[PDB]
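# Per-entry structural report
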Amino acid sequence: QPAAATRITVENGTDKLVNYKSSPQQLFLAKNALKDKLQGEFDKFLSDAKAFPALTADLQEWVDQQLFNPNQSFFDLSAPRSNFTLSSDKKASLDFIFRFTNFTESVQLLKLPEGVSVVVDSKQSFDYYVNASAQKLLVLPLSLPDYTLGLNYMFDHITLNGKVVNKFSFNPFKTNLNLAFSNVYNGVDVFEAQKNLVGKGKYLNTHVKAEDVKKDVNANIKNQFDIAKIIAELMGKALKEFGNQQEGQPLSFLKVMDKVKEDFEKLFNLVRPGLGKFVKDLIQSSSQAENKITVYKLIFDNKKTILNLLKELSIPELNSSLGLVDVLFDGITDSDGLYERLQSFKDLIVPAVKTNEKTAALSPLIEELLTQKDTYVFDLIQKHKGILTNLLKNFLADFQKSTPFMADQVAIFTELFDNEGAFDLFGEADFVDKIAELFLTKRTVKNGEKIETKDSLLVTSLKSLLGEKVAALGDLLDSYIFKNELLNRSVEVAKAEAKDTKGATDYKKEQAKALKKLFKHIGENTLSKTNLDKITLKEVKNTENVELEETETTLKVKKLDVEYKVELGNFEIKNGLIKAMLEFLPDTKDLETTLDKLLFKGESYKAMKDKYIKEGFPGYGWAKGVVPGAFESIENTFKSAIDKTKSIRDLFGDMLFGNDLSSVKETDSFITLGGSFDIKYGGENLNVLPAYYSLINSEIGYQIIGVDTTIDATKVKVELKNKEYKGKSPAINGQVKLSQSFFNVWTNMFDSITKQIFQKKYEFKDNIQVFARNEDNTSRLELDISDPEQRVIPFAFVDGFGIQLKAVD
């Protein structure tokens with residue numbers, strides 16, 4: 001028969017951690033370090049009430065799987081005797097008896113997972129001598145779907161058959177104790193990891209080659225440059241569609257992705273191979289897409305990339321499902337049944353899917369989209385909000401974390417997404433006009449007195465950017481650059497002072513006209529494809545093989561010398577780009593009031609006027625009435641030598657273009673970048689160690705720590721092609737000419753900016769984390785990740801800094 005199981009239940013629970021030292025509240029230790037504290041946890045869960053039922057289940061599993069599955073067709077079983085000594089003593093001494101007898105009339109042999117080899121005849125009562133010595137239970141790690149620390153037992157002694165089976169195991173790699181962890185796992189931490197993974201001819205040493213290192217670094221530089229070119233082209237392949245349209249027809253950010261689907265595909269398969277088609281299909285899985293598709297063929301038109309992007313996490317499911325991920329790839333199971341079988345196997349796929357809540361957070365969304373069908377995508381798949389824009393922000397943030405020095409784009413996108421709104425611009429809307437409602441509108445929606453205290457976003461951005469660099473035009477920036485409707489729309493005020501829909505009434509458009517013209521210009525002249533063609537990167541040295549240095553448990557880089565003369569060609573910061581953002585300034589003919597307010601009836605010249613009225617003019621002394629004869633004809637000359645037919649637009653036109661506004665053509669030259677600047681990655685005596693992902697991964701990389709990134713921006717010629725003056729009717733022509741004076745001062749200040757704000761041989765030190773991927777997405781560097789000795793755990797906090805699994809002790 002069989003032994004009686006009075007404690008066959010296996011229900012149990014997990015454990016927790018306690019803060020120590022100055023580690024953050026997020027405790028994520030690994031194995032090692034506490035090799036004797038898991039001893040304590042196992043003893044604690046070993047010498048209590050719920051321990052002996054679990055040991056009953058352990059012995060049940062052993063006597064079931066390890067005794068009579070290779071038996072029991074021709075050997076019966078009987079184990080009348082059973083006792084436990086699992087008290088608080090925590091020791092080990094077991095006392096069972098199991099009797100084996102055969103009912104068959106034949107000579108057979110007992111199959112046991114042990115040194116068992118003996119002839120057995122029919123009707124024989126095999127004796128299985130069960131006894132134990134005194135010992136303490138070691139600890140085995142589990143191969144759970146969680147790969148937790150194995151709060152479990154490695155046995156050391158059982159006196160069986162009259163002998164000892166050294167380092168015995170009762171059913172290894174499985175236990176009925178369910179003592180999983182959510183914080184601390186098993187393996188080699190990062191440095192005990194960087195102890196059996198780096199050596200003389202060991203793993204990382206033998207799987208990284210000098211030619212591969214050089215190819216990886218040079219391809220990283222080329223990818224950086226080229227991705228910059230794609231990003232610029234988009235900013236000019238999207239701006240052209242933003243601004244080329246006439247008002248009255250919307251064009252949002254999701255609609256504009258229709259014109260740059262292949263552009264995103266190129267960008268995303270250049271940042272990471274195999275992902276370009278994914279993002280193009282993703283954009284096609286939107287409301288504004290030309291074709292409407294579901295998320296099933298989207299999620300399965302690559303498989304590996306999506307599973308390894310979403311499920312990354314630390315583990316415990318990626319490499320675990322890698323026993324079924326390859327099985328999941330099998331049969332590609334065949335067409336017209338592949339969909340059905342994948343929907344069927346989602347039932348066991350879903351745990352890895354639901355183990356989310358890191359940066360990639362749309363895994364719950366995809367699991368709801370995959371459990372049941374989805375049809376309309378025209379809001380039903382838009383309420384997920386883990387949508388094109390959010391995922392774009394996520395992956396671009398990842399790119400920034402890998403490429404720190406393009407911080408401007410990710411930053412500006414962050415305050416773009418800093419609001420809970422603007423989600424409709426990720427769908428059917430009009431992009432530039434709505435963002436003007438967001439960037440260039442003082443929201444005052446009411447009619448009592450005034451709700452103008454909602455300063456627009458672009459005003460705040462420029463007041464933070466150009467805050468107090470110059471003190472003269474700050475009041476100008478407030479008065480006519482910001483208190484304007486051009487940089488502060490003041491909605492509902494247009495329909496509060498007129499309320500008849502006149503041409504100049506609708507102030508959302510008059511700002512929009514100039515902003516859209518600037519977008520059109522950037523989309524056809526400056527950042528067009530034709531003009532962005534002539535921004536070329538070329539090799540300089542790129543020939544010396546970067547051989548590795550090895551010294552025991554270390555791996556070093558001898559020397560690096562790579563230079564990249566980024567030829568700027570003649571990038572045409574064209575006359576006309578500035579013309580639009582000059583249209584940002586008012587064109588009203590009331591110039592005289594503006595100059596009277598800024599220069600005379602202001603905050604500082606008024607003080608000097610009062611001072612000179614009171615006293616002054618040294619040398620004269622007694623002449624007090626002359627002062628109201630001095631600041632009465634100087635102002636007369638200044639305000640009589642201004643042509644009223646010109647507007648402040650034309651004043652800044654003289655200041656910037658040189659000649660006046662309407663006589664200056666867009667097909668001129670205004671700024672034409674010359675020469676070429678150089679990037680100088682290099683480093684000598686640099687360490688190299690196994691590079692892990694932002695969190696754990698099965699796929700080891702290799703990062704070269706200590707690269708000295710020298711950016712020499714010199715050897716450029718930023719010419720201001722209108723460097724002289726040829727004017728005929730200056731706005732302030734006369735004996736007080738500012739237009740020529742302003743042109744001189746602007747040329748001087750712009751030369752100062754281009755000489756100082758630009759090249760200074762900026763130096764920067766960082767680390768290159770390159771995960772060299774093979775042709776068919778089969779990255780060369782890898783571990784066995786099978787034995788409980790190479791499961792590296794980067795999320796560990798090393799015990800060298802000090803870790804104790806006790807509450808502040």
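Method of structure determination, per the deposited record: cryo-EM was used for this entry, reaching 4 Å resolution.

Checking UniProt for the chain, the heading Subcellular location contains the comment "Membrane".

Let us now look at the packing of helix α8 (residues 261-271) against helix α9 (residues 276-284). At their nearest, the axes of α8 and α9 sit 7 Å apart, and the two run at 145 degrees to each other. In this structure, α8 meets α9 at a crossing whose hand is right-handed. On α9, the residues touching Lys261, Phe264, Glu265, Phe268 and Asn269 of α8 are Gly276, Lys277, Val279, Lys280, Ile283 and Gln284.

Our focus in this paragraph is the pattern of salt bridges. Enumeration over the complete set of coordinates arrives at 26 salt bridges. Between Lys373 and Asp374 there is a salt bridge, with its nearest N and O atoms 3.9 Å apart. Given the relative accessible area of 43%, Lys373 is considered partly exposed. By relative accessible area, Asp374 is classed as buried at 7%. Residue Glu524 is joined to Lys520 by a salt bridge in which the shortest nitrogen-to-oxygen separation is 2.4 Å.

Looking now at the pairing of strand β11 (residues 564-567). By the alternation rule, side chains of β11 split into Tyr564 and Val566, which are all buried, and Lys565 and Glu567, of which none is buried. In the sheet, β11 pairs with strand β14 (residues 676-691) via four bridges, with the strands oriented antiparallel. Within β14, the residue paired with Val566 across the bridge is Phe677.

Okay, empty space enclosed by the protein next. Once rolled over the atoms, a probe with the size of a water molecule shows which space is left empty. Its volume calculated, the largest cavity comes out at about 430 Å³. Ranked by residues supplied to the lining of the largest cavity, first place goes to helix α2 (residues 51-65) with four residues.

What follows concerns the sheet that holds strand β7 (residues 159-160). Sheet architecture is open: three strands sit in the order β6-β7-β8, paired in antiparallel fashion. Of all the strands in the sheet, just β6 (130-131) and β8 (163-164) have a single pairing partner and so form its edges. Inspection of the sheet shows β6 paired to β7 by two bridges, in the antiparallel sense. Across the sheet, residue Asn131 finds its bridge partner in β7, namely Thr159.

Tracing the chain through its elements places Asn484 in the loop between α20 (474-482) and α21 (494-497). Excluding residues that lie within four positions of it along the chain, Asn484 makes contacts with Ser479 and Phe584.

Take the domain arrangement of the chain next. With domains assigned, the chain is organised as domain 1 (1-197 + 790-809) and domain 2 (555-770). With seven residues of domain 1 at the interface, the matching set in domain 2 holds six residues. Of the roughly 580 Å² buried between domain 1 and domain 2, counting both surfaces, carbon and sulfur atoms make up 84%. The interface formed by domain 1 and domain 2 includes zero residue pairs in polar contact. A class-by-class count of the residues in the side of domain 1 that touches domain 2 yields six nonpolar, one polar and no charged.

Another point: a nonpolar patch on the surface. On the surface, a nonpolar cluster with roughly 270 Å² of combined accessible area is contributed by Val107, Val118 and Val119. Inspection of the secondary structure puts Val107 in the loop between β4 (98-101) and β5 (125-128).

It is worth spelling out the packing of aromatic side chains at this point. Per the stated rule, a full pass over the model turns up 31 aromatic pairs. Centre to centre, the rings of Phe670 and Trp746 are 6.0 Å apart; their planes meet at 15 degrees, and the pair counts as stacked. Here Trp746 lies in helix α29 (residues 739-756) and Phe670 lies in the loop between α28 (648-657) and β13 (671-673), a separation of 76 residues in the sequence. In this structure, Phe670 and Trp746 share a single accessibility class: buried. By the ring-pair criterion, three or more aromatic residues cluster together here, those being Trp62, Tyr128, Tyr153, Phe155, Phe168 and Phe170. The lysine or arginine in question, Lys303, covers the ring of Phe329, its NZ or CZ lying 5.8 Å from the ring centre. Taking the ring centre of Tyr147 as reference, the NZ or CZ of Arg791 above it sits at 3.4 Å.

On to the nonpolar core, then. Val213, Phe242, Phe264, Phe652, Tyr702 and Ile704 are the most contacted members of the largest nonpolar core, which has 128 residues in total. In this structure, this core is formed jointly by two domains, domain 1 (1-197 + 790-809) and domain 2 (555-770), each of which donates at least three residues. Discounting residues that sit within four places of it in the chain, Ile704 has contacts with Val213, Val217, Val557, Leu686, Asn687, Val688, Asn767 and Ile768. Residues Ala51, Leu67, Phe98 and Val184 belong to the second largest nonpolar core, which totals 49 residues.

When two helices pack together, their arrangement is given by the angle between the helix axes and the distance between those axes. Running from N to C, helix α18 (residues 431-439) and helix α22 (residues 507-526) point in directions that differ by 125 degrees, and their axes come no closer than 10 Å. Between α18 and α22, the angle is such that the two are oblique. The handedness of the crossing between α18 and α22 is right-handed. When α18 is examined against α22, the residues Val432, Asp433 and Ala436 are found in contact with a partner set consisting of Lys508, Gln511, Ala512, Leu515, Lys516 and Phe519. Considered class by class, the residues forming the contact of α18 with α22 number five nonpolar, one polar and three charged.

As a further point, take α20. All buried positions along α20 are accounted for by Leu476, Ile481 and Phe482. Along the axis of α20, the buried positions cluster into a sector of 145 degrees, meaning they face one direction only. Summarising the contacts, the buried residues of α20 are in contact with α19 (457-465) and α28.

Take unusual backbone geometry next. Residues other than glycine predominantly adopt negative phi, and peptide bonds predominantly adopt the trans conformation. Non-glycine residue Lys21 carries a positive phi angle of around 60 degrees. Structurally, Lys21 can be placed in the segment before α1 (37-46). With a relative accessible area of 52%, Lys21 lands in the exposed category. Of note in the backbone geometry, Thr501 takes a positive phi value of approximately 60 degrees without being a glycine. Locating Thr501 in the fold gives a position in the loop between α21 and α22.

So, on to the side chain of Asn356. Note that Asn356 resides in the loop between α14 (338-354) and α15 (363-371). Among the polar contacts made by the side chain of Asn356, one reaches the main-chain carbonyl oxygen of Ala360 at a distance of 2.6 Å.

Turning our eyes to something else, we now look at the environment of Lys358. Looking at where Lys358 falls in the secondary structure, it is placed in the loop between α14 and α15. Among residues more than four places away in sequence, those in contact with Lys358 are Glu312 and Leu313.

Within the secondary structure, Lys541 sits in the loop between α23 (529-532) and β9 (548-550). On a C-alpha basis, the gap between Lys541 and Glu563 in space is 6.1 Å, while along the polypeptide they are 22 residues apart. If near-sequence neighbours (up to four positions away) are discounted, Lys541 is found in contact with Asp561 and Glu563.

If you trace the three strands from one edge of the open sheet to the other, you get β12-β13-β16, paired in antiparallel fashion. Looking at which strands have only one partner, the edges of the open sheet turn out to be β12 (571-573) and β16 (719-720).

What follows deals with the pairing of β4. Alternating positions in β4 separate cleanly, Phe98 and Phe100 being buried on one face and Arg99 and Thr101 remaining unburied on the opposite face. As judged from the three bridges shared by strand β1 (residues 76-78) and β4, these two strands associate in the antiparallel manner. Looking at β4, one finds that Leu77 is bridged to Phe100. Inspection of the sheet shows β4 paired to β5 by four bridges, in the antiparallel sense. From the neighbouring strand, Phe98 faces β5, where its bridge partner is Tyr128.

Conventions used here
- Residues numbered from 1 in each chain as written, not as in the entry; some residues may be left out.
- Heavy atoms only, no water.
- Residues with missing side-chain atoms left out of burial classes, pairs and counts.
- UniProt positions renumbered as here; feature names shortened; annotations may be inferred.
- Axes fitted to C-alpha atoms, helices over the stretch in contact; angles between N-to-C directions.
- Helix = DSSP H or I, 4+ residues; strand = E, 2+ residues; numbered from the N terminus.
- Left-handed = near helix turned anticlockwise from the far one by under 90°.
- Contact = heavy atoms within 4.5 Å.
- Salt bridge = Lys/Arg side-chain N within 4 Å of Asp/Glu carboxyl O.
- Buried < 20%, exposed > 50% of the residue type's maximum accessible area, 1.4 Å probe, protein only.
- Pairing = 2+ DSSP bridges.
- 1 Å grid on protein atoms, 1.4 Å probe; cavity = no way out; pocket = protein on both sides within 12 Å on 5 of 7 lines; lining within 4 Å.
- Points joined across faces, edges and corners; volume = space filled by probe spheres on them.
- Domains from an automatic or database assignment.
- Buried area = accessible area lost by both parts, 1.4 Å probe.
- Polar contact = N/O pair within 3.5 Å; in protein donor to acceptor, adjacent residues only side chain to side chain.
- Nonpolar A, V, L, I, M, F, W, Y, C, P; charged D, E, K, R; others polar.
- Patch = residues over 30% accessible without salt bridge, like charges linked within 9 Å, V, L, I, M, F, W, Y side chains within 5 Å.
- Areas by Shrake-Rupley, 256 points an atom, 1.4 Å probe, with all protein chains shown as cover.
- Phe/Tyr/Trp six-rings, centres within 6.5 Å; stacked < 30°, edge-to-face > 60°.
- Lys NZ or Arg CZ within 6 Å of the ring centre and 35° of its normal.
- Core = buried A, V, L, I, M, F, W, Y, C linked by side-chain atoms within 4.5 Å.
- Parallel < 35°, antiparallel > 145°, perpendicular 65-115°, else oblique.
- Arc of directions from axis to C-beta.

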